[PDB]
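First up is the structure itself, then whatever we jot down about it.
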Amino acid sequence: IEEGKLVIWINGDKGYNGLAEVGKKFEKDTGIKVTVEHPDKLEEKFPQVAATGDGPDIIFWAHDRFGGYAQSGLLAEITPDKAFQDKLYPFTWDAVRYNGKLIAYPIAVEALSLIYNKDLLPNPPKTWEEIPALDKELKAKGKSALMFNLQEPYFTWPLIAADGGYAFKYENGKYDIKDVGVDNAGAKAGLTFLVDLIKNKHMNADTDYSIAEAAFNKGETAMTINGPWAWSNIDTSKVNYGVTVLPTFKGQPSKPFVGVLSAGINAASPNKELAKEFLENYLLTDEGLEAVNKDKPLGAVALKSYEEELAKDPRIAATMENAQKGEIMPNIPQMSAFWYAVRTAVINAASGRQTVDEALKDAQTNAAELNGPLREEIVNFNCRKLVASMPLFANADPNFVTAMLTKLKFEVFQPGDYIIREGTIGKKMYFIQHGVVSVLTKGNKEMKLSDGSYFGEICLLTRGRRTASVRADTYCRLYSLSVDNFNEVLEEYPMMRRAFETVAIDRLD
Ligand SMILES: OC[C@H]1O[C@H](O[C@H]2[C@H](O)[C@@H](O)[C@@H](O)O[C@@H]2CO)[C@H](O)[C@@H](O)[C@@H]1O
């Protein structure tokens, strides 16, 4: 971030080129440059980087992650006046409330639908249960019935929820965080049906977003499950598609988790006023949303004036029908733990790492018990110890140490793994969070290092070989810090760079 410009983050499946057009209009009027970026794992990156001088001015995501960001102090309260508020649907404003405060601008309402190829399947099935029979019929003609993203639990959730699965029980206007529904009869039946699809070769566990998109848009599968954003690429592929009600499971509708694409203002931004002006006066207008919608459809927009037009589209009416059979996602801080829990369970069940019963038992405990803030805190202090213990960093500015912590990468090694091999060239030093290693120098004396220690640091000043091998003696958990990332932070703190250069200037004598 820098004062006088806007950096916006939005997910790579959304209309980021269209948003950049809105930004080009903004720059033309104010001289303020707008850069739109779509980094991978943006929703996880944002809370890591936002405090530490990095991060976008504006973050776009579904509202479910914003309670967490709000809890962490990473979002500015927004202050639209009543007239502006009246422009958007009251339920969209509700979705972005935390402690009664508005913490983001709602943009669009998202739900998943069944997308079907009308040439391959003129009458799409009404039930999940008839998909195996349909796939066998299609397999004989070199096709498949259904492919969709099995790596993201968002896509499998409607099935899980259909017969009674739920995230957190809603009662008397509030979520009971101790009452998780991911291990109940309904959730187990849903995921069992999905795993049986996999086991009987009607779907593949490795299927991700790209695979399913490419299969449906090339005409290889009769159906997919996706949201409005995906419709552009299907239009471009020329497939004759319909958008309809998701299939029923055990006679019960699929229950997609409804998301409200929302735009938050990073509390670290020096551009909060410019961010408000862009969001209120440029993006949230008929012209602004249209530019984004034209690139990748937004869904049912929060802006009433524009939604009046979009609601005439039967694809948007199918989206809202699915949405009404679903549930608005909670925005509570525990949602991150929930998603992490269900993601691992679905991946483990589908692959056969665990049974459905085992995977979901562990998901229940993870979603209910896991304390993100507490675990984050413990992880951050321990990393801070490791980095600040090293002689080089022993008297450095605490913010320098803090920026450096964000660069650390988690690595694991098995007994007998060489972390560093003598004669090779590395670009990383290592800190030992947990484990024992041997430092071996050809023939010689071993030296054993353990929890708290470090090694490989000479790559910070060498551009040269590894002069010793380092072998894991037990299971090791390490953090690595690369010379590039070290330099990058060292450039952000010029007083430290000068100190370290004067050190190196004397190390030549
Ligand atoms: O898979 C869990 C994931 O679900 C939701 O993410 C959606 C997102 O809302 C959509 O806009 C679209 O981009 O696809 C994502 C699924 O890959 C939740 O918003 C997210 O927090 C959660 O991790």
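Ideal geometry is used to build each Cβ from the backbone, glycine not excepted, and the neighbour counts take in all protein chains shown. Bear in mind these aren't lab numbers, they're just calculated from the coordinates by the rules spelled out.
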Cα-based Rg of segment 310-425 normalised by 2.2 N^0.38 Å, two decimals: 1.67
Cβ-placed point charges (K, R +1; D, E -1), dipole of segment 393-486 about Cα centre in debye, nearest 20: 320
Value in Å of the Kirkwood radius, where segment 1-118 supplies the Cα pairs that are averaged: 15.9
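Take the alpha carbon gyration tensor of segment 245-367, find the square roots of its eigenvalues, order them as a ≥ b ≥ c, and report rounded if a/c is under 1.5; if not, report prolate when a/b exceeds b/c, else oblate. Could the numbers behind the result be given before it?
Working: a/c = 3.13, a/b = 1.49, b/c = 2.10.
Oblate is the answer for segment 245-367, as a/c is 1.5 or above yet b/c matches or exceeds a/b.
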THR365/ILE505 FRET efficiency (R0 45 Å; Cβ-Cβ; nearest 0.05): 0.20
Rel. contact order, % - alpha carbon contacts under 8 angstrom, at least six apart, segment 439-492: 39
P(r), alpha carbons of segment 167-249 - 10 Å bins starting at zero, rounded %: 14, 32, 30, 19, 5
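For the chain, what is the calculated [θ] at 222 nm in deg cm²/dmol (nearest 500), taking -39500 (n - 2.57) for each run of four or more DSSP H residues and dividing by its residue count?
Helix-only estimate at 222 nm: -12000 deg cm²/dmol.
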For segment 107-221, the spread of Cα positions along each principal axis, largest first, Å: 52, 36, 27
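Quick one: of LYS272/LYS409; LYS255/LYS294; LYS218/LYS312; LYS199/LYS361; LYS304/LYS325; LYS25/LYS272, which pairs are farther than 25 Å apart, Cα to Cα?
The answer is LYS272/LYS409; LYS255/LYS294; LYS218/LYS312.
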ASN399 versus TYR418: modelled label distance in nm, points set 7 Å from Cα along the beta carbon direction: 4.3
Relative contact order of the chain, pairs being alpha-carbon contacts under 8 Å that are 6 or more residues apart, as %: 18
Rh by Kirkwood over Cα pairs, then Stokes-Einstein D for segment 402-501 at 0.692 mPa s and 37 °C, µm²/s: 231
Column: log10 I(q)/I(0), Debye, Cα scatterers of the chain, q = 0.09, 0.11, 0.13 Å⁻¹: -0.76, -1.06, -1.29
Cβ charges +1 (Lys, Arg) and -1 (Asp, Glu), total dipole of segment 1-80, debye: 180
Kirkwood Rh in Å, taken over all unlike Cα pairs in segment 230-269: 14.3
